[PDB]
Structures are given as structure tokens and as C-alpha cells.
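In each ligand, atom 1 is the first atom listed, and ligand 1 is the first ligand listed. In what follows, every heavy atom counts, from backbone to side chain, and hydrogens, waters and symmetry copies are set aside. The chains referred to below are lettered A, B, ... by the order of the sequence lines, with proteins before strands, and numbering in each begins at 1.
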Protein chains: 2
Amino acid sequence: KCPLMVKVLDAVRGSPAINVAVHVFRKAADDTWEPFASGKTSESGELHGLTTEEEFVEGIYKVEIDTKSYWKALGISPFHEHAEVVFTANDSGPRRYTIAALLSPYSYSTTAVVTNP
Amino acid sequence: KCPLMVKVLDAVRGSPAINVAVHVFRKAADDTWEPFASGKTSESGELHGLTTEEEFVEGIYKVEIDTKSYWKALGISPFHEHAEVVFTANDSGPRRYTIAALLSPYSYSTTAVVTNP
Ligand SMILES: O=C(O)c1ccccc1/C=N/OCc1ccccc1Cl
Ligand SMILES: O=C(O)c1ccccc1/C=N\OCc1ccccc1Cl
């Protein structure tokens, strides 16, 4: 809710991208991707409540946005399997992260907004 | 000049992104990512010759663009560890895949151009 939020928009419809599955992973000491949190975007395109300040420790995180499943519910066969956002988090102390993604069938854009509480 | 080309642009400097490492992987039957091809973008930001028509069979591929090292070499603090483009390669008719990426320190945009020249 506070420390990690994901927002997804649809560049074809000019709308939030609703009901998009998002899976977050964190790299473990053995270099594997351990499951960290998951959820689905709301009617606003936003996904809150993935983690807490306590659990969102330093590490390398991967946010996987299940874009192919999204387009495959709207009649479009898209190019990408998903959109992946991989970043180191909290290495200089806690921050709040918003990961935004803008989706088209053959393209996506992503940006991050990082704030210090 | 092959079935798969990668082009990388720099949105801060308004230039090709030169000397960016690019690693391509193919998904194996056990769902792991197997190294497939790699190189570094040229002075034009392009990477040709990754694969051949013979070897680039249908399957799921991941193109990892090593953006963090690119920004670090410029003295710029970036957000992402790398940019990842994951897609299924499709044989329906003669097709050439160009993966293009536009890089900023906290953002990237990617698109696919799938043509038949
Ligand atoms: O693709 C090509 O053959 C090509 C050839 C010459 C010069 C540029 C490009 C791709 N540049 O495309 C721009 C772009 C790429 C990715 C995301 C957003 C944007 Cl605006
Ligand atoms: O809307 C919000 O509340 C928001 C807040 C913080 C960060 C991102 C966004 C979504 N918008 O930014 C994403 C975007 C806009 C235009 C072009 C490309 C892209 Cl990726």
C-alpha cells in the first residue's frame, strides 16, 4: 500500500488496465527468484497492499506484469509474454516505489517514481 | 541482417546507446532460461547477427539489455537492473523481429517491429 504500488494503463483504450495480474519476486541469497507478493489491478489500474515496510527489505525485486493474459481477454494477440521491471530497492534505506506501466499490444513503457518518506 | 535485431536509443543524450551488452535466452523444456546469443550494440545502437533463420525456431525468448552498466559507465544513477523483453517467436509466414528500446535512468520503452522484407 505504502512502500510498493503498481499502476497499469491501457494505451489502446485510454483507460486504466483493470484486473491485470502482477507477481513480485525477490532474489534470494542463492540467486533464485523467490515469490514475494502478488495481486491484481483494481478498476483504477492500481495495485496497493502488496507488502509492508517491515517485509520490504533491501534486495533485488522483479515486478512481473501479466500483459499477455490481459490482452488475451480483449481479443488481441500481443507480442510480449509480460512486462518485467527489475530493480534494487531500499539499498539506501526505505523508500516508497510506484511502478507505472503503459501497455500496447506490441509495446510497453514503464517508469518508476521513488520517494523518501 | 538476420531474423532478430536489437536497437537501443538513449533518451537523455539523444543518441544511439553504444556498447550496451545484450543477452538473449530461450526457454527450455524444464522452464529454465538457456543462453542463446549475445553481443554489444554498435556505434549505431544496433546489434545484428545474433542468430540465424535455421536456429531461431519457435519458442519463448528473453532479450536482456544491460542498462544498469550503461548508465553507470556514464556516471548516472539508474533504477533498473536491466530491461527485459520476453516474447514468443512465431513462424506464420516470413518474419524479421526488431526489438527496439528507448532508455532513461528511471524509465524505458520497448516495441517490436515484425516485418517481412
Ligand atoms: O526500429 C527501427 O528500425 C529504428 C530505426 C531507426 C531509428 C530508430 C528506430 C527505432 N526507434 O523507435 C523509437 C522508439 C523505440 C522504442 C520505444 C519508443 C520509441 Cl519512440
Ligand atoms: O498516474 C499516476 O498516478 C502515476 C503516478 C506515479 C507514477 C506513474 C503514474 C502513471 N503515469 O505515468 C506512466 C506514463 C505516463 C505517460 C507516458 C508513459 C508512462 Cl509509462
Working for side-chain hydrogen bond (donor to acceptor under 3.5 Å, both in side chains), residues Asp10(A) and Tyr70(A): CA-CA 10 Å; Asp10(A) 180 321; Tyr70(A) 174 78; 2.6 Å; yes
Distance in Å, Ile65(A) CD1 paired with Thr110(A) OG1, rounded so as to fall on 0.5 Å steps: 5.5 Å
Is a donor from one side chain sitting under 3.5 angstrom from an acceptor on the other, for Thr32(A) and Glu34(A)? yes
Please write down residue, atom name and distance for the protein heavy atom closest to atom 20 (Cl) of ligand 1. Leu102(B) CD2, 4.3 Å
Residue, atom and distance of the protein heavy atom nearest atom 16 (C) of ligand 1 read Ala100(B) O, 3.9 Å
Please check if atom CD in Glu55(A) has more than 12 non-hydrogen atoms from other residues, nucleotides or ligands closer than 6.0 Å. no
Do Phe79(B) and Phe87(A) have ring centres separated by under 6.0 Å? yes
Could you tell me whether atom 18 (C) of ligand 2 has a protein heavy atom closer than 4.0 Å? yes
Modelled atom types, side-chain donor and acceptor of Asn19(A) and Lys40(A), under 3.5 Å: no
With heavy atoms of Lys7(A) as the reference, note each atom of ligand 2 found under 4.0 Å away. 1 (O), 2 (C), 3 (O)
Taking atom 7 (C) of ligand 2 as the reference point, the nearest protein heavy atom with its distance: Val113(A) CG2, 3.4 Å
Once rounded to the nearest 0.5 Å, what's the spacing between atom CZ of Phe25(A) and atom CD1 of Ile60(A)? 15.0 Å
Identify the closest protein heavy atom to atom 3 (O) of ligand 1: which residue and atom is it, and at what distance? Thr98(B) CG2, 4.5 Å
Minimum-distance protein heavy atom relative to atom 8 (C) of ligand 1: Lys7(B) CE, 4.0 Å
Do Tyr61(B) and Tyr97(B) have their ring centres less than 6.0 Å from each other? no
Out of all atoms in ligand 2, which are within 4.0 Å of some heavy atom of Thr98(A)? Include the element for each. 6 (C), 7 (C)
Just need the protein heavy atom nearest to atom 9 (C) of ligand 2, so name the residue and atom and give the distance. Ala100(A) CB, 3.8 Å
d(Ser104(A) OG, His80(A) NE2) to nearest 0.5 Å is 10.0 Å
Among all protein heavy atoms in this structure, tell me which lies nearest to atom 12 (O) of ligand 1, with the distance rounded to 0.1 Å. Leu9(B) CD1, 4.5 Å
Heavy-atom distance from atom 13 (C) of ligand 2 to the protein below 4.0 Å? yes
For atom 20 (Cl) of ligand 2, which protein heavy atom lies nearest, and how many Å away is it? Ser109(A) O, 3.6 Å
Atom 16 (C) of ligand 2 has as its nearest protein heavy atom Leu102(A) CD2, 4.7 Å
